[PDB]
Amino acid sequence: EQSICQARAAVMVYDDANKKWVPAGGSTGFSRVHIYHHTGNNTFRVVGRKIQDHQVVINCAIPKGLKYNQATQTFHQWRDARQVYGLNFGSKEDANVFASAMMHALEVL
């Protein structure tokens, strides 16, 4: 597993019942969010760990054809069949780094 980017973001999931974003993994705060590339089968995953306690708060696949929505310059989101994920980036530079790597993955899948 090779890291292809690192970006600072608060990782959020959407609680559709209450129509609001909640912190991924249950605790508010910033994470270091990677995209990891597994070269053996050319797969990519988003993996984020809390800066403070290292808890993995997101570990999700990036499937071919994913629609990655850059809602704002610092909040991007996507979904799977079960959850909606959001990254509230610490800076525009972090958002650009992460989006670049994401868009690359989606181009080579």
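Heads up: residue numbers just count along the shown sequence, starting at 1.
- As the entry records it, the average C-alpha temperature factor is higher for 68-76, out of 45-53 and 68-76.
- Taking the PDB entry as given, 14-22 carries the higher mean Cα B factor of the two stretches 91-99 and 14-22.
- For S31, the recorded CA B-factor ranks within the lowest third of the chain. Only modelled residues enter the ranking.
- In the PDB entry, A7 places in the lowest third of its chain by CA B-factor.
- Placement of the Cα temperature factor of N59 within the chain: lowest third of the modelled residues, per the deposited record.
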